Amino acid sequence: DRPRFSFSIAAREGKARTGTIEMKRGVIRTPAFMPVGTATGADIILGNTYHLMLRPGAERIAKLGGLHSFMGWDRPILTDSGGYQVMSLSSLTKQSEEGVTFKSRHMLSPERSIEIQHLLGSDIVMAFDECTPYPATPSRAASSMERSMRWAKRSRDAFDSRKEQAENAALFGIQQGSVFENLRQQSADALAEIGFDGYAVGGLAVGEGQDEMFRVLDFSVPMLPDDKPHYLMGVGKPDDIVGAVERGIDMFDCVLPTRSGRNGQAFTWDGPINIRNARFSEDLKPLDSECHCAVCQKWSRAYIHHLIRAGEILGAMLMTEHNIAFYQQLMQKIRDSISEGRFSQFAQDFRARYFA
């Protein structure tokens, strides 16, 4: 029987690592992409804490048997802590040391966030943090990070108080500190003193751009414990994933494939394409020449173009299936190239072709 949580590193190349997380409900191969659940297959999917806590509500999900039973998925599920989405989407918010109140009006605190994730039944639980807006001054970035670290300790204590959760799930802490090296170090130190099963890099993919994101990752990821998984939240494009793995990231949440699939964009080894464009109306090639997915084995760019231009649901479903398959082929190629000692060459080849 698998353990509650065990991360093993099988091979390394530079700062890049490949290995496995073992949990009770399954093995997660890393580096991993984690797609939304409602979308070589994925080993773990994302639940949507913010949506579920409002419709149908976390209590109701528990009454229906938990999220695994509800969505018919018996493998690992990761949930975020909800504050990022509250701050991004809800209309009015009130912040305090207790938590965040938002509009029926609601309070989300470290304790309530952990209880919601418990009622949902997720396997990887995120601490309740504040994603500092960008740009931030040093003083505001520090105050925000300090609150998040106090909230990280409250998250730890709440998780440990619920036996079913402490014994069967895992808890990840989230590093903050905006773009400042000294604050990222203080945050890493605070999280390691509390102790978590894994460590996320928060506060990025918030408008800073790839060059700046990579600069911050360069000094931030080495601050986290080497022997635990590293999750970069909110990222991203295929080229962001490749560069983040080069900098020591093990886990990625990938909304973009499903978002792109419903809006006419397909990922290919030669870059993204907009299938609605008239240049695809007579193109008999599959979406991607090398893709092994079921769409590309059977149907042409010209037919998928026809369906999407016609407003047919089938068109968006085929695009989304392809995009998910593309991402899991990307991650498999990354894992294999690290294990074989040729990831540096893969990254160079990938970029030359994706951007050609």
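Just count from 1 along the sequence shown to find any residue number. Heads up, when I say rigid core I mean the largest set of C-alphas that superpose within 1.5 Å between the two forms.
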Fitting on the core, do the C-alphas of 51-59 or of 30-38 deviate more in 6 other deposited structures of this protein? 30-38
Which is farther from the shown form in 6 other deposited structures of this protein in C-alpha RMS with the core fitted, 227-235 or 246-254? 246-254
In a third or more of the other compared PDB entries with flanking residues modelled, does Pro133 go missing? no
Would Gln210 be found without coordinates in at least a third of the other compared entries? no
Chain break class for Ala39 to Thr40, judged by how many deposited residues have no coordinates: 10 or more
Unmodelled deposited residues between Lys237 and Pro238, binned: none
Going by the B-factors listed in the PDB entry, is the mean over the C-alpha atoms higher for 319-327 or for 301-309? 319-327
Is the mean CA B factor in the deposited entry higher across 206-214 or across 258-266? 258-266
Checking the entry, which one of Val242, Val100, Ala152, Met126 has the top C-alpha B factor? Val100
Based on what the PDB entry reports, which of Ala142, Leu89, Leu171, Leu191 has the top C-alpha B-factor? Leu89
Lowest, middle or highest third: where is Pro272 by C-alpha B factor in its chain? highest
Can you tell me whether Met107 has a C-alpha B-factor in the lowest, middle or highest third compared with the other modelled residues of the same chain? highest
Should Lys285 be placed in the lowest, middle or highest third of its chain by the C-alpha B factor in the entry? middle
Third of chain Cα B-factors occupied by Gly65: middle
Splitting the chain's C-alpha B-factors into thirds, which one does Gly26 fall into? middle
